[PDB]
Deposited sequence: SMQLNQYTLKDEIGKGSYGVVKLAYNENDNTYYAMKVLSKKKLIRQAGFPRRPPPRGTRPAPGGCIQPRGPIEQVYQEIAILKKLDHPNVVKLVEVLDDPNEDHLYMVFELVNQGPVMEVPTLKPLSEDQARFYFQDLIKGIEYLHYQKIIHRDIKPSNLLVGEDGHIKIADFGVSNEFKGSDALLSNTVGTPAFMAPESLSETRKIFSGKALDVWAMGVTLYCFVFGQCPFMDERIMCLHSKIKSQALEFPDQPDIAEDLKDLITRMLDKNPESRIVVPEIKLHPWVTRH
């Protein structure tokens, strides 16, 4: 499959919308990641162009760079070319091979930087999870998939829609009654779920039945698996990130000063 200078190869991810394919670029003799979208499949335009707008203003070592967009109005397919991050996702969940505490800290430091940057740029990511965190050749993670991200005006996003990955959704986004909830806190909750996954290899709240998953997220006290044992300070940080109450939940400026993070 040829598309200008790019030859499209195998699928390397799904994501919130469309698919991601490896692409060889004949002009500079290296590889890219190409997100491929069907206009007809998205109908059943503007949300895509808002994602492009977001991506265009972003430039940080812990966020995946958009290189260009190929958008022929006579074709159904829209192509978004990104930098390729060689090693791919930090982990698949579940896994029996979780990260050590030291590896988790290292990636979690990158995650903090990335998220701090996004929030500064007035973007709520909305889909933070291990499979969206790509390990670069330098060993550092980069945040990917802005498919469900929101841009806001003023100091925080005021949100009412429920999107993202169900196991990573904050309890305040799961009410039966339409509610309004703050966006920065949602990303903190998902960072917490992610950190739990990093060290345990499974999510904190799990069920095959979507309604029971929601029920657990809202009403089941957080439990730690029997293995591996983790340090008291990491338990503390995870507990404060997974605070069901978005008002008392730890904020990113506090996370950066947490003893687990800074030791």
Numbering the deposited sequence from 1, which residue ranges have no coordinates here?
1, 46 to 71, 291
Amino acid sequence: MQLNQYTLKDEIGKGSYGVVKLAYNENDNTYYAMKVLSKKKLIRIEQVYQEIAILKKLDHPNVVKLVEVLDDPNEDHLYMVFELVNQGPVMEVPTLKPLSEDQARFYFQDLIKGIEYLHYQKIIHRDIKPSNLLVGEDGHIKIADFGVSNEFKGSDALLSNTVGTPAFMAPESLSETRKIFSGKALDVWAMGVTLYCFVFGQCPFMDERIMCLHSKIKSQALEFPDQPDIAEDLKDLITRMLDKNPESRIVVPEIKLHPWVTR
From here on, numbers count along this sequence of modelled residues.
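Under this definition, the rigid core comprises the largest set of C-alpha atoms superposing within 1.5 Å between the forms.
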Taking RMS over all structures and residues, which stretch has CA atoms farther from the shown form in 9 other deposited structures of this protein, 45 to 53 or 205 to 213, after a rigid core fit?
45 to 53
Of 70 to 78 and 189 to 197, which departs more from this form in 9 other deposited structures of this protein by CA RMS after core fitting:
70 to 78
Looking only at CA atoms, which has the higher mean B factor in the entry: 229 to 237 or 34 to 42?
34 to 42
Which has higher Cα B-factors on average according to the PDB entry: 238 to 246 or 21 to 29?
21 to 29
Of 187, 102, 110, 172, which one's C-alpha B factor is largest in the deposited record?
102
Just grab whichever of 156, 176, 127, 116 has the top CA B-factor as deposited.
176
Is residue 220 in the lowest, middle or highest third of its chain when residues are ranked by C-alpha B-factor?
middle
Binned into thirds over the chain's modelled residues, the C-alpha B-factor of residue 49 lands in the highest
Third assignment of residue 195 from its chain's C-alpha B-factors:
lowest
Split the chain's modelled residues into thirds by Cα B-factor; residue 151 lands in the middle
Give the position of residue 93 by CA B-factor within its chain, expressed as the lowest, middle or highest third.
highest
